[PDB]
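This document starts with one chain, in the form deposited in one PDB entry, laid out as structure tokens.
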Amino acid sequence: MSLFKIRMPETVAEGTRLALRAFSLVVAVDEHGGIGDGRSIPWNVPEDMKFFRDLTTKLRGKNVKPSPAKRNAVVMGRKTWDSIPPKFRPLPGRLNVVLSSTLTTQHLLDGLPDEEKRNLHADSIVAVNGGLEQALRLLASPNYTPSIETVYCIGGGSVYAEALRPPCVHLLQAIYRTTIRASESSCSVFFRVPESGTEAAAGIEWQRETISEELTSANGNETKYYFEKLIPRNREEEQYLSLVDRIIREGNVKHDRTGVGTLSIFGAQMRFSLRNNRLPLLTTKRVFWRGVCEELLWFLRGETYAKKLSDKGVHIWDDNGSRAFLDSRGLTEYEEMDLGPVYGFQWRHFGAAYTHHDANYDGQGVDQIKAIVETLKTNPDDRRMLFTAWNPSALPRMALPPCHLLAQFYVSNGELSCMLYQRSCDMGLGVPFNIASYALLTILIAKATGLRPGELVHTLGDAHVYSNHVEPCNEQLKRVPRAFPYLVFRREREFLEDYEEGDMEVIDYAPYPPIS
């Protein structure tokens, strides 16, 4: 359509490029915090060693063994790489990234005992002339992201130091620390977690997710040790968990005509950071992001024919798209799964006359989306940049009124912010989905106007919890939220409407398992 469509700008890829890849950290220390006796660890512990081996090699989803197209990487200082017997070098099943200003990828290769091995481990060994940051940077490249599932900082006194301070600390998703109660090993380097509220912690609040019971090693000195997984507390996801909990403890009970019950409160707001490629996909329960992605893209394109979603295996619109339901809405003239002028149609053709989904609508009605894209690039402080699908005229003609019916954009310091207005909000499955959807829209719109993603604000109206969801939503409440993942684009397009779900990839999403 070209002119009917919104042409992505040249900076399209400039304000969304992953600058630094997210990672985790594995480490062992003594009761005093020591980590290494200068070049060695005077305390090799069987259990801890197997743990490091398992943690760093295994992938999310059991039954999938590492391979060259999907594996984990480890980043280590040169002195650490040097402390590994050349015979066990490199650590198998992972991409070994070494920090060195004296050794090149080639040199590390030379170090391996024979040629054969040097060739057999060629794609598993690369040097980086820089510290952690330049390594995390190298990793974010198209070649390693999403290729490398998880990056693990396996250590080195200087790497751990770079990792625990801005900027690399803002990407540290988890800290796995093994504490061995050594009989005496007072080393040199102390590994310490910045305490909450101090300047060092840089605003981050590290809280345990899990702590193991004190254990006894099968080694020679029955050494005692324990494990701990530490994560950067997530206030953002907590807003959500707090609101669900309040609805369950204080919400009002209501049963509709169907006998469908719900607990609910009225009026609420949430904030979600969208900077540096941050996607707020909730962690205490996996979110259907492919479903989320396909539908948002479905929106911006002005679609109304749900079959396109159900063909790509997304069935969120079947119930409300059937013949039976449509007939109950008086839309007996609509093809099955032809919802009418809903969501997207009102976004790109407000007030246009609707007939059937396959008709030509180009140039019809007010294309709100195309004007907001144009105003942001010429008058970013305009206070009237908002779209609505809430059209009282077209409403009866719709399969049903839109739940997320209003959105507004704000600009400050080149950062695109978006406010959302959801009249009805199902906390259990609806709200998380909607948070992902609008987060995506702000990113895609940001990329189209030459701005950086900022924040997503969410205004809830009637936000409920189904009765049939109270218990499972209670189980979930137990879990403490983990760090959010990030989304990257593997390719850009010429027009906003051209983006496909595959063009982007969600990296480092470690959501808790399905509630039992």
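In this text, residue numbers run from 1 along the sequence as written.
K.L.:
May I ask you to compare 450-458 and 33-41 by their mean CA B factor in the entry and name the higher one?
P.N.:
Higher of the two, by average CA B-factor, is 33-41.
K.L.:
Quick check: 214-222 versus 238-246, which has the larger average CA B-factor in the record?
P.N.:
Stretch with the greater average CA B-factor: 214-222.
K.L.:
Between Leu112, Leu300, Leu416, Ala127, where does the Cα B-factor run highest in the record?
P.N.:
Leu112 has the highest C-alpha B-factor of those listed.
K.L.:
Maximum C-alpha temperature factor per the entry, among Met385, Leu405, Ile84, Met270, belongs to which one?
P.N.:
Of the options given, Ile84 has the highest CA B-factor in the PDB entry.
K.L.:
Ranking the modelled residues of this chain by C-alpha B-factor as given in the entry, is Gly259 in the lowest, middle or highest third?
P.N.:
Ranked within chain, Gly259 CA B lands in the highest tercile.
K.L.:
Which third of the chain does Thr150 land in by C-alpha B-factor: lowest, middle or highest?
P.N.:
Answer is lowest: the recorded C-alpha B-factor places it there.
K.L.:
Please say which third, lowest, middle or highest, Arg490 falls into when its CA temperature factor is compared across its chain.
P.N.:
Its C-alpha B-factor, which the entry lists for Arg490, ranks in the middle third among residues of this chain.
K.L.:
Can you tell me which third, lowest, middle or highest, the CA B-factor of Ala69 falls into for its chain?
P.N.:
Ranked within chain, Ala69 CA B lands in the highest tercile.
K.L.:
Rank-wise, by C-alpha B-factor, drop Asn119 into the lowest, middle or highest third of its chain.
P.N.:
Within its chain, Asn119 is a highest-third residue by C-alpha B-factor, going by the deposited values.
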